[PDB]
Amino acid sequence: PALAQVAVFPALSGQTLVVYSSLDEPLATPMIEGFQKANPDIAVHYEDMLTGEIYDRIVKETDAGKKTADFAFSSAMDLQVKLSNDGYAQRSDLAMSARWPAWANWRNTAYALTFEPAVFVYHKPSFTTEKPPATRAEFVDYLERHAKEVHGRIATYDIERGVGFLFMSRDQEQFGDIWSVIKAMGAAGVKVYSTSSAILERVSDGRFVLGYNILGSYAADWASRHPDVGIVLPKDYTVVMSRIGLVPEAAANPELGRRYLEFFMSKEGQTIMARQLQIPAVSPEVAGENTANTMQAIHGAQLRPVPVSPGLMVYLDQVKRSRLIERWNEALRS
């Protein structure tokens, strides 16, 4: 089945915006509240769903001649650019469009809105006589040196079930020998999940000792409430994604969709992300440590972000996508 956690926010004043988003609802709530305070006559129908489902649903609904979401917001950058390339989005010519960083804008249609790293997470109580691995080489070595302790107690994204796939496809482009890492994880009996939150809950209470390619923003959110979750930005390289927002062609209320997009692009909206949600901002109007500018300044070539402006060519086609997934299953089982 196709799943969604739906949350409906009535107009503050006493028109409903429909959002399909992969941003976990509790972290989304401050953005929703900010939008609603700015727009007291707008109800918000927020559907929290997997990135692959955002894609599938928009394609299915649009193809069916039906209406679809007014705003699609997804960490599966490739699937968002594909929708936009195949005619499932519509152009949004807005206030901040021309000044939006060029890398973060495909044809005033798909906009990259955040700057979020894929990180290691660890159970702090489990790393008391040795510090956790900080590179992929160290990760593999740790797994080997602690074969029995780690076995079935590490986790990563099930790339078959979209941000996981993105991160793997980027790992393959940096790291020639990513497959040694995948193989090592399979020998350690790696468990795979569709969400960072599932992995974070299990690392938090020590069921798992390590997670790989976890969303750093979510990890920082967890760690702020659960002191036993530690985070390592990998020192060999750190893949960075950006959540992409667009207004579907078949939006019932494209105007409300564009309003929400404008809010997400605004100084106010981007400051809520940076300052409240531990999601680093892309807006050239926002200063501070939780920004793409400062992160690039501090970390440099360690960071491996993904550009939007070249379009679909940056990303793997459907058949190569399928091939990479069967290779990944092949490595985890070898």
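Sequential numbering from 1, following the sequence displayed.
A chain break between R161 and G162 is present, corresponding to 1 to 3 residues of the deposited sequence without coordinates. When the two stretches 152 to 160 and 226 to 234 are set side by side, the higher mean Cα temperature factor goes to 226 to 234. According to the PDB record, 306 to 314 carries the higher mean C-alpha B-factor of the two stretches 306 to 314 and 320 to 328. Taking only the listed residues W100, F73, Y260, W179, the entry reports the highest CA temperature factor at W179. Each of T271, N290, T68, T51 has a CA temperature factor in the record; the biggest one is found at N290. In the PDB entry, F208 places in the middle third of its chain by CA B-factor. Per the PDB record, residue ranking by Cα B-factor puts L94 in the middle third of the chain. When the modelled residues of the chain are ordered by their C-alpha B factor, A301 lands in the highest third. Ranked within its chain, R202 lands in the middle third, by CA B factor from the PDB record. Split the chain's modelled residues into thirds by C-alpha temperature factor. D56 is in the lowest one.
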